[PDB]
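Computed from the coordinates by the stated procedures, all read-outs in this text should not be read as laboratory data. Note that we place each Cβ from the backbone using ideal geometry, even for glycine, and neighbour counts take in every protein chain shown.
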Amino acid sequence: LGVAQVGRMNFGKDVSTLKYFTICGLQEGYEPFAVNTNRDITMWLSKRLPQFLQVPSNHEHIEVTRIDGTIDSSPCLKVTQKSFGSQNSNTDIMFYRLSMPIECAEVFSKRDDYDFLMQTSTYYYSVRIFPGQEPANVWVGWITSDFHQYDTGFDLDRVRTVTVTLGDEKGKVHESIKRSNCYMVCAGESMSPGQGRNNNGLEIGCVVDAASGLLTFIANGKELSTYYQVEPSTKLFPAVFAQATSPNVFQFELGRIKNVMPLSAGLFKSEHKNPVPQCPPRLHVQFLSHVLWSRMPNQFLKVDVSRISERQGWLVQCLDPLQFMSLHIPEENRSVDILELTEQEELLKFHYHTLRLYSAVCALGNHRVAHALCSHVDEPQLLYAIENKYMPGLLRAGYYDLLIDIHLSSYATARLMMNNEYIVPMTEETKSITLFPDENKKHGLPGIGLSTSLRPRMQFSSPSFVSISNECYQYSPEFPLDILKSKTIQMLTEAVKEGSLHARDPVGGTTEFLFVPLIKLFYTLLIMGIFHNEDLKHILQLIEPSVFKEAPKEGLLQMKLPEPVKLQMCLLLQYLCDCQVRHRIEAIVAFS
Amino acid sequence: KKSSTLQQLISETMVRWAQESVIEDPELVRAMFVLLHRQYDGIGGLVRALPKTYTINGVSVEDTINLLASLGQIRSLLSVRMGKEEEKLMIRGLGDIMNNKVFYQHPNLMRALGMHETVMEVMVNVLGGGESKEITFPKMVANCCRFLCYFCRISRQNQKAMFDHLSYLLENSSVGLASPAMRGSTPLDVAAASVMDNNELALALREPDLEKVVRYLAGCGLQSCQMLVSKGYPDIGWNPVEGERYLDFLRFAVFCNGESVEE
Amino acid sequence: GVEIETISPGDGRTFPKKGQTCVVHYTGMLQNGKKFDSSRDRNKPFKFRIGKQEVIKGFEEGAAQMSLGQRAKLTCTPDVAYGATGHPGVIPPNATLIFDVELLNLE
Amino acid sequence: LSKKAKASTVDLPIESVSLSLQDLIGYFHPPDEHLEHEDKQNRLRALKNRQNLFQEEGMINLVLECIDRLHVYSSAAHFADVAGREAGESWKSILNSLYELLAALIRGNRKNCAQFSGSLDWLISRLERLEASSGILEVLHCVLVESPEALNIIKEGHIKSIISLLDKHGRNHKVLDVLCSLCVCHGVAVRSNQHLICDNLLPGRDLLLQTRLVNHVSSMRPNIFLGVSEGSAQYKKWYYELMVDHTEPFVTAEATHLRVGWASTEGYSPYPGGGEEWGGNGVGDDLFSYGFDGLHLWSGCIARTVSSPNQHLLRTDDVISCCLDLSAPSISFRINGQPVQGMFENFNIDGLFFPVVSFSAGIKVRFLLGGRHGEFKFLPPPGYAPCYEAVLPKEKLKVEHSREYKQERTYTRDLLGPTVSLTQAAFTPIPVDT
Amino acid sequence: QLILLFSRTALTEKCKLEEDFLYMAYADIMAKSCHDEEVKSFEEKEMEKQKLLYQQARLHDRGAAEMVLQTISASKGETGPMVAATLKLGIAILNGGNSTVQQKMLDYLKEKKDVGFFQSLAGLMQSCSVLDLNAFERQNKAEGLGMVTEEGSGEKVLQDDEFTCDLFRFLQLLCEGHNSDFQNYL
């Protein structure tokens, strides 16, 4: 879509809305794109705000090389212009930043000396503007996560700034706070001697005091007048903005100066006490780019706007709740919608394996670890992941597995372990137990009935972290079992009807992703025994309508399931047979 | 006609799946055929279940529930790596079981639940772990051995059920024989209590298992005690401490109820 | 070591006293802004007894100074909240905790 | 070479070692899956016999010695300096091939992985170096998945080194898989490993990606686009009020969102700058918006507590009056008629400004824009003009979505391209020079 | 598919033949479906022979002979219920001197060059039990002192006569009909 251009694309989810398909496109044998899709197609657009991403190895202009640090040389990252001096060379200003930020202290305090180095919080990095690179076109300093300004002409005057002045009751301004996303200086103005010197490249050094928030710059061994004071807990990314006037533009030098700690000691918490400069592989140069996609939300907040009268003005009303699940990247201080991982492969894989690790650390009844994990992944996140239809299949399976492992697996395993033993107390209701419901020798619905055999006891503990007791670390964390049961039945009812239509878009992208996690959760609940009476009737009706009808539509058993789903159905039928055997054993004990 | 029965429905579904598709998953094939065989072997389910069926009086329901909870804790400890807290939990569970009344009043339920076997696999795992470096977690091994000896003393049939596993206890008898204050709490002591004062079990006792004990006694008579010389005891050529253990086991093997089993 | 800031006013007359349970909804956050606990996530009002050392101290004095129906933010320094050792697996060592606590009912 | 003998006198069979290492990797290559069951089983039998013979001849320790001699030199350039350039280009390849050969020798062999436990401690000590990280991690994964004794001997220091590998080398799912193998092996859970991994990884919340539920926040703004520029005909003082008819403090598990104030546009475009169209971001979550939630002044996603009489979060029946002064950049608020002791000053005035409210679900608010668009409950400060006076003579004032996409049918949704600049908002008279 | 599953399980290399209840049950079902077990006329005898041939064909047309050879080979000379069921199935499919099954077994053995099969046969013969005077006298004394045996079989003497007879009947059925090929191959 061009400037001031408006368009509409119809994917033909409703064939009736297509206005020219019948006259041209239906008879020819073509199909609407959303011919038999149950839900709307996710819509992706070009992102407006530029973001910082690692420089591709195949970038036509920018080349970044990592010079390892020797005994006498600091580790260096060198940014070079590949296509300088040739046609298609890009002359505009590039914005460069490093991947990891320096995080200032939460509360501000109010021959190098080893003790000073070990007690200090001051960190340093320096930049060598190479000879022949025009220094007035190069800026060095720090930026925050808010920097998304892409301008062909960048000047320090047009940086985004705000000054919050908190005053007392009488009006005196007792405190003034200056806030900005960019804290950088120019090399052209930094050069007091000026011109080009090849004894050493123009070396602006950035000094950050994490305990005071003071940003001071040193150019060629003399401190520049420009200084910045930042807010507590500010995350500052080393950044260099430069316009290429030579094949060699600038170089990040991760060294250290007298009594000032290296950048790695602040970036990495493992190297917090290591004065030796380091450039771990995680650190890498990132650049601002427009080449990224943005995902349109499937559903937006419903807002009603209207003017009641001249007196009342305009009314804005939003009364229906809507939530999205946000994935926060810790290193970049960036958060994205978890549904955007459908097109981001590396984050999807890493998060699926993180979910696997979450399931593994609490495996086989580690109730304390499960309680700890309840903080990281909670009931609302679990329920939203379970119910959401646009969740990627891998994340869907992982979240079903995590929900089963944290809350349900311990008691499910306990009842499975006690399943093959029949300790039947001999009571009045036990005597009342009979093989058949009535004189007609017709089997009752499996599971439904009066069972008196001794069963394991269900106990759960509320995962509260303000409490200082330790008795809660036995027993699995509590979950809203009634809500889980109702939602599982509702989701199975939806899945049976929708999958039979054989839609192009199942939940998770495949029938296996749609059914295996859902049927596994249903089987876990059945094994635990939450399903009682009417729930058992409905679920058996779903499994096979004809057989389990009380004394059309096809069930799960005859809907052409994949092999993994068939294995789960076999497990369900095995459990039903086990229930019938238990009923038989109890009836024999009753007769005895 | 409609299936109208879970058995018929499952049989038809399994055969129908198998004849529609060549199943690529061996686990799926085995699950389907196990389920079909269960449908066609309804008698076998009762044959399997009835020996594991027990009826308890209404007065002991909660007490049996507590015993079952303790046994479930012990059974769940089978699937975790051995450690300090696992040792503490196992010792507490065994103590609760031994102090519980059903363990005494209903020895048949105890055998049906396979509690002695579970204690056996726990002890097997701990004995296998760190076999060369003396024995790790000696306290819970001693506790399990005491529990097992008491299980032998509870009932005669429990003694035979424990006797059925005497073979293993003999090759792992040489565990805590040298260490004092562990006497009466070793696999050799468990094996001895497995045949203590039982003519039928003494007669069923074989020749090779006696030969194994004689071999261990010969080894103790030939070579000294590495643990004792490491702790600094003077190096005499032979091992009286373990020799006496093997001798008293042979004493229990050959002498029963005041008479001598000549065989 | 605890300060109280009011989000929503209370009655200002009823305060927790000895032997009286406090029913609250809380949302705990660290200074970095990451949530770690919320009874609102659990749909489950939290009940504890004043003076029975049932919760962390900072929470205890925060609830004590709060009034009925009041919504207040509790900033609990490490000395009164989990100390230097922290909570294994949840709270990092030497962490200051921010709580959004609403005193529902005193009973 | 280590003892410093002259390079030509020392013979270093680099090419033969590399070619033999390729031959050995092919010789220990695992069978492919597409082969039939019988052929697969026979080839597994042959591989098992080969591994058993090699381990009985002690070929693992030989590989370990070669690896140690190669790690004596710290880098490819260092090795090239000590021995020569020809060994220099091949140092990395020989290390990779040796690690692959070790992995092939120990893979699937329980006895070999059990005998490699003694050397596992030496193996992890070199995990940090980049020239051997992948190979060492693969060997460690094979030993962990095969031999239970590996999990028995792995200690807290080894677990912490493996965890710090994630921090130093970045996100790698193979480290997570190795950690899962450390937790569960052959259906047996190691409680010590589980507890150590949990307590050393989870509390940081700096390596693993974090998840949370955020309420959607939508922004509504009037039609007016007011700014300041030199030699231009627009008033530099403006005033409007927002009064809340109803608000629900907790419609969900998360607190409701309700922020009011002014927002700016990047340049002369009608587009709210510095923020994303959809998400949980509202007024004051960027350096282009300036908000007030009843207790905090919001700007740049950072909040500062501002005092006010009977200070509280925005409740039902609360009047918020917003003041904007473009002569000297100043945004001030007055709650229920009494002043709020704080203001935004010295912000960017290059772009156009407009009133804006950001909200989650559970609100009921009303704009009092002055004139016939609502009557101010409180008298405007002197010199301020009601916001209804900024409407263009031909246009009609209306409150609409700040962002261009809203809730509607997908096939009826109006996809919008870039808009044209609104430089017409600032009428700067420019007669020709004479 | 069931026979192929069992054959693949047998052909997988493991240090010991694991006890599989599915195999132990379905092998018995298969053997019974084959054998299905006063004067009878010639027509009755011929019909019985034809029915037995058809019932044996239903299995050896689907890999039963190769399955029972593979299970014995993977047994590695260990006596147990697995080989007890496998030998019974082999007897069931070989009853009547089935030349087709004999040829199939010989062809499979020659093609695969299976030494483990014959090694396992030698091991099973070595592990076969005989009369035990010591056990007999011990159980006689146990009965004399009055301790009644819980099991009336008293199978300590002649441990597995059914297994021994089944093994040697299988090895005889391999050579019935004057099968010179097996007579020389054994």
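What tally of residues in region A:197-244 results from selecting those that are farther than 18 Å from A:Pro262 by Cβ, polar (S, T, N, Q), buried (at least 16 other Cβ atoms within 10 Å of the Cβ) and out of contact with any helix residue (DSSP H, G or I) (no Cβ under 6 Å at 6 or more places or on another chain)?
5
Give the residues of region D:271-304 that are within 7 Å of another protein chain (Cβ to nearest Cβ), in a strand (DSSP E or B) and either within 21 Å of the chain's Cα centre (by Cα) or hydroxyl-bearing (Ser, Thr, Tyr) (or both), sorted by residue number.
D:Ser299, D:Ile302, listed by residue number.
Pick from D:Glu230, D:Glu254, D:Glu266: which is at the interface with chain A (Cβ under 9 Å from one of its Cβ atoms), more than 24 Å from the chain's Cα centre (by Cα) and surrounded by fewer than 22 Cβ atoms within 10 Å (Cβ to Cβ)?
D:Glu266
Going by the conditions given, is B:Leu46 under 22 Å from the mean Cα position of the chain (by Cα) and assigned to a helix (DSSP H, G or I)?
Answer is no for this residue.
Being within 14 Å of chain D (Cβ to nearest Cβ) and not charged (D, E, K, R) is the filter here; which residues of region A:175-202 pass it?
A:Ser176, A:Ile177, A:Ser180, A:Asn181, A:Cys182, A:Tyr183
Cβ contacts < 7 Å: first residue more than 7 Å from every other protein chain (Cβ to nearest Cβ) and on the phi > 0 side of the Ramachandran plot, restricted to region A:317-333; second residue surrounded by fewer than 19 Cβ atoms within 10 Å (Cβ to Cβ) and assigned to a strand (DSSP E or B), any location; separation 6+ or different chain. Result?
From region A:317-333, the pairs are A:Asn333/A:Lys235.
Please go through (1) more than 14 Å from chain C (Cβ to nearest Cβ); (2) surrounded by 14 or more Cβ atoms within 10 Å (Cβ to Cβ) for A:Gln459 and return the number of the only condition it doesn't satisfy.
Just one mismatch for A:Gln459, condition (2).
Would you mind stating whether D:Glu404 is among the acidic types (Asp, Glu), at the interface with another protein chain (Cβ under 9 Å from one of its Cβ atoms), more than 22 Å from D:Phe292 (Cβ to Cβ) and in a loop (DSSP other than H, G, I, E, B)?
Here the answer is no, as D:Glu404 does not meet what is asked.
Among the numbered conditions (1) under 30 Å from the mean Cα position of the chain (by Cα); (2) more than 9 Å from chain A (Cβ to nearest Cβ), tell me where D:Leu213 comes up short.
Only one criterion is unmet by D:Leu213, namely (2).
Would you list the strands (runs of 3 or more DSSP E) that sit entirely within region A:85-172 and hold 1 or more residues that are more than 29 Å from A:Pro281 (Cα to Cα)?
Because the criterion is at least 1 residues that are more than 29 Å from A:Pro281 (Cα to Cα), the strands (runs of 3 or more DSSP E) in region A:85-172 that meet it are A:161-167.
So, of the residues in region C:69-84 that are within 12 Å of chain A (Cβ to nearest Cβ), out of contact with any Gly (no Cβ under 6 Å at 6 or more places or on another chain) and part of a loop (DSSP other than H, G, I, E, B), which turns out to be surrounded by the most Cβ atoms within 10 Å (Cβ to Cβ)?
C:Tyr82
State whether the residues of region A:242-251 include one that is closer than 23 Å to A:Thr80 by Cβ, over 31 Å from the mean Cα position of the chain (by Cα) and among the aromatic types (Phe, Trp, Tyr).
Yes, some residue in region A:242-251 is closer than 23 Å to A:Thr80 by Cβ, over 31 Å from the mean Cα position of the chain (by Cα) and among the aromatic types (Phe, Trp, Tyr).
Counting only residues that are crowded, with 19+ Cβ neighbours inside 10 Å and out of contact with any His (no Cβ under 9 Å at 6 or more places or on another chain), how many does region D:350-383 have?
So the answer is 13.
Could you list all residues from region A:1-27 that are more than 8 Å from chain D (Cβ to nearest Cβ), exposed (fewer than 10 other Cβ atoms within 10 Å of the Cβ) and in a loop (DSSP other than H, G, I, E, B)?
A:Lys19, A:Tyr20, A:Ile23, A:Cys24, A:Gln27, listed by residue number.
Exactly one of these conditions fails for B:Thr64: (1) farther than 23 Å from A:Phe548 by Cβ; (2) within 11 Å of chain A (Cβ to nearest Cβ); (3) out of contact with any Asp or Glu (no Cβ under 6 Å at 6 or more places or on another chain); (4) surrounded by fewer than 20 Cβ atoms within 10 Å (Cβ to Cβ). Give me its number.
Going through the list (1) farther than 23 Å from A:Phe548 by Cβ; (2) within 11 Å of chain A (Cβ to nearest Cβ); (3) out of contact with any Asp or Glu (no Cβ under 6 Å at 6 or more places or on another chain); (4) surrounded by fewer than 20 Cβ atoms within 10 Å (Cβ to Cβ), B:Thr64 breaks only (4).
Inspect all residues belonging to region D:166-184 and state whether any of them is in contact with a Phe, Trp or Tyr (Cβ under 7 Å, 6 or more places away or on another chain), within 10 Å of chain A (Cβ to nearest Cβ) and among the basic types (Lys, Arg).
Among the residues of region D:166-184, at least one is in contact with a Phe, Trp or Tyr (Cβ under 7 Å, 6 or more places away or on another chain), within 10 Å of chain A (Cβ to nearest Cβ) and among the basic types (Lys, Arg), which makes the answer yes.
Looking only at residues in region A:376-403 that are of a type in the set (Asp, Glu) and part of a helix (DSSP H, G or I), which one is nearest to the other protein chains (Cβ to nearest Cβ)?
A:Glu379
On the basis of being within 12 Å of chain C (Cβ to nearest Cβ), assigned to a helix (DSSP H, G or I), closer than 30 Å to D:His186 by Cβ and not hydroxyl-bearing (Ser, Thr, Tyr), does A:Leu373 make the cut?
It is true that A:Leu373 is within 12 Å of chain C (Cβ to nearest Cβ), assigned to a helix (DSSP H, G or I), closer than 30 Å to D:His186 by Cβ and not hydroxyl-bearing (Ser, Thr, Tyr).
Is there a residue being in a helix (DSSP H, G or I), surrounded by fewer than 16 Cβ atoms within 10 Å (Cβ to Cβ), touching an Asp or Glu at 6+ places or on another chain (Cβ under 8 Å) and not aromatic (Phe, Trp, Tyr) anywhere in region B:220-243?
Checking region B:220-243: at least one residue is in a helix (DSSP H, G or I), surrounded by fewer than 16 Cβ atoms within 10 Å (Cβ to Cβ), touching an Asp or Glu at 6+ places or on another chain (Cβ under 8 Å) and not aromatic (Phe, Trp, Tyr).
Take the conditions part of a loop (DSSP other than H, G, I, E, B), in contact with a strand residue (DSSP E or B) (Cβ under 8 Å, 6 or more places away or on another chain) and more than 7 Å from every other protein chain (Cβ to nearest Cβ) and apply them to C:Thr27. Does it pass?
The answer is no for C:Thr27.
Can you pull out the residues in region C:33-56 that are surrounded by 15 or more Cβ atoms within 10 Å (Cβ to Cβ) and in a loop (DSSP other than H, G, I, E, B)?
C:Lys34, C:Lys44, C:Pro45, C:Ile50, C:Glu54, C:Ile56, listed by residue number.
Identify, from the list D:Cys183, D:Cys142, the residue that is within 19 Å of A:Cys362 (Cα to Cα) and surrounded by 21 or more Cβ atoms within 10 Å (Cβ to Cβ).
One residue alone meets the criteria, D:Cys183.
Hey, could you check region A:282-296 for residues that are away from every other protein chain (no Cβ under 13 Å) and aliphatic (A, V, I, L, M) and say which is nearest to D:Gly170 (Cα to Cα)?
Result: A:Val285.
So, in region B:37-61, of the ones that are buried (at least 19 other Cβ atoms within 10 Å of the Cβ) and farther than 25 Å from B:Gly93 by Cβ, which residue ends up farthest from the other protein chains (Cβ to nearest Cβ)?
By that ranking, first place goes to B:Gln39.
Filter region E:120-168 for residues that are of a type in the set (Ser, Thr, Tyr) and in a helix (DSSP H, G or I); which is farthest from the other protein chains (Cβ to nearest Cβ)?
For region E:120-168, the residue satisfying everything is E:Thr164.
So, in region A:349-366, how many residues would count as being within 7 Å of chain D (Cβ to nearest Cβ) and of a type in the set (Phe, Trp, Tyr)?
Counting residues in region A:349-366 that are within 7 Å of chain D (Cβ to nearest Cβ) and of a type in the set (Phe, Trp, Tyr) gives 1.
Tell me, please, whether a residue that is assigned to a loop (DSSP other than H, G, I, E, B) and facing another protein chain (nearest Cβ under 7 Å) can be found in region A:29-41.
The answer is yes, given that some residue of region A:29-41 is assigned to a loop (DSSP other than H, G, I, E, B) and facing another protein chain (nearest Cβ under 7 Å).
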